[PDB]
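# Coordinates in review
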Amino acid sequence: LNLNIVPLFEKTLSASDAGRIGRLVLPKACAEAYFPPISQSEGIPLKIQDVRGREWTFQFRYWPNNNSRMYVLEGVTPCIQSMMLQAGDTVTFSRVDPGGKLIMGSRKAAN
DNA sequence: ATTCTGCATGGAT
DNA sequence: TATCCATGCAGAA
Ligand SMILES: [Hg+2]
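Residues carry numbers counted from 1 along their chain as the sequence is written. These may differ from the entry numbering, and residues without coordinates are not shown. Numbering of ligands from 1 and lettering of chains from A proceed in the order in which they are written. No hydrogens and no water enter the side-chain calculation; it runs on all heavy atoms of the structure.

Method of determination, as annotated in the archive: X-ray crystallography, at 2.61 Å resolution.

Rendered as C-alpha cells:
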C-alpha cells in the first residue's frame, strides 16, 4: 500500500532538556495533540524509531501543573548523546501513515 | 557530597 | 490581568 510521513511538531532543546536530568519537556498542546492520550500522571512507555532503525523507549508522562498538566519524556539522555545533541538544536517528531507509527529525527542549531 | 523524583514557581511573553 | 514551560528545589535514598 501507499505510505507517507506526517510531521507532528518539533522541540528546540533547552538546557534542562539537553543536560543530565533526562527529561525532555513537551508543550501540552503538542503532547495532547500528537501523542497517545493518557489519563494517569505516570503515563505509558512510548516507542519511537529513528531513521536508522533504532527504537528508543521513553516514559511519556505528566504531572499536575497549576490546574493542568505538564508533560515530558523521561529517560532521554542516552538518545541525546547518541545523536550528539545540545541546547539549541532541535528534535522533530513525526508519524507514519497509514498505521500511525512514531519516529524521530533532529537537526543542529542554526549556526 | 550525588542522583532521582514530583511537583511548584515565576519569568517570558 | 492571563498562560505555561524552563528551571528550581526540596525530600529520599
Ligand atoms: Hg532522543
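Okay, back to it.
Numbering of helices and strands runs from the N terminus; a helix is a DSSP stretch of H or I covering at least four residues, while a strand is a stretch of E covering at least two. Counting its regular elements, chain A contains three helices and seven strands. The secondary structure elements of chain A, listed N-terminal to C-terminal, are β-α-β-α-β-β-β-α-β-β. Relative to the compact-globule value of 13 Å for 111 residues, chain A shows a C-alpha radius of gyration of 14 Å, a close match. In terms of principal-axis extent, the alpha carbons of chain A reach across some 45 × 35 × 20 Å. Put simply, chain A has 111 residues, and 36% of those count as buried. Any two residues having at least one pair of non-hydrogen atoms within 4.5 Å are treated as being in contact. The long-range fraction of contacts in chain A, counting pairs at least 24 apart against all pairs at least 6 apart in sequence, stands at 54%. Values of the radius of gyration come from C-alpha atoms, whereas the globule rule sets the reference at 2.2 Å times the count of residues to the power 0.38. Only protein chains enter the accessibility calculation, which uses a 1.4 Å probe; a residue whose area is less than 20% of its type maximum is buried, one above 50% is exposed, and one in between is partly exposed.

With that out of the way, let us pick up the sheet that holds strand 1 (residues 4-12). Two strands make a pair as long as DSSP finds a minimum of two bridges between them. Across the sheet, seven strands lie side by side as 1-6-7-3-4-5-2; this open sheet has mixed pairing. Since the sheet does not close on itself, it has two edges, and those belong to strand 1 and strand 2 (23-26), each with one partner. When the angles between neighbouring strand axes are averaged without regard to direction, this sheet yields 35 degrees. As defined by bridge partners, strand 2 adjoins strand 5 (residues 68-74) across four bridges and the pair is classed as antiparallel. Counterpart to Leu-24 in the pairing with strand 5 is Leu-73. To get an axis, a line is fitted to the C-alpha atoms, and for a helix only the part in contact is used. The angle between two axes follows their N-to-C directions and goes from 0 to 180 degrees.

Moving on, we come to the protein's contact with DNA strand B. Neighbouring DNA strand B are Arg-23, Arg-61, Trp-63, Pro-64, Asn-65, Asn-66 and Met-70. Taking the atoms of DNA strand B that fall within 4 Å of the protein, sugar and phosphate contribute 22% of them. Residues adjacent in sequence count toward polar contacts only when both atoms are side-chain atoms; beyond that, a polar contact is any pair of N or O atoms within 3.5 Å, and within protein one must be able to donate a hydrogen and the other to accept it. Measuring from a base nitrogen of DNA strand B, one finds a side-chain N or O atom of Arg-23 at 2.5 Å. By residue number, the principal contributor to the surface near DNA strand B is strand 4 (residues 55-65), which donates four residues. Under this grouping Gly is polar, as are all residues other than the nonpolar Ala, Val, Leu, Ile, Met, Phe, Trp, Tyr, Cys and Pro and the charged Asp, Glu, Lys and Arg. A class-by-class count of the residues in the surface near DNA strand B yields three nonpolar, two polar and two charged. Note on terminology: near, applied to a residue and a molecule or strand, indicates that one of the residue's heavy atoms is within 4 Å of it.

By nearness alone, every residue bordering DNA strand C is listed as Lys-11, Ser-14, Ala-15, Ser-16, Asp-17, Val-25, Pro-27, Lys-28, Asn-65, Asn-66 and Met-70. Close to the protein, within 4 Å, the atoms of DNA strand C are drawn from sugar and phosphate at a rate of 59%. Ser-14 is positioned with one of its side-chain polar atoms (N or O) 3.4 Å from a phosphate oxygen of DNA strand C. In this structure, a phosphate oxygen belonging to DNA strand C sits 3.0 Å away from a main-chain N or O atom of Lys-28. Ranked by the residues each element gives to the surface near DNA strand C, the list is headed by helix 1 (residues 15-18), at three residues. Tallied by class, the residues present in the surface near DNA strand C amount to four nonpolar, four polar and three charged.

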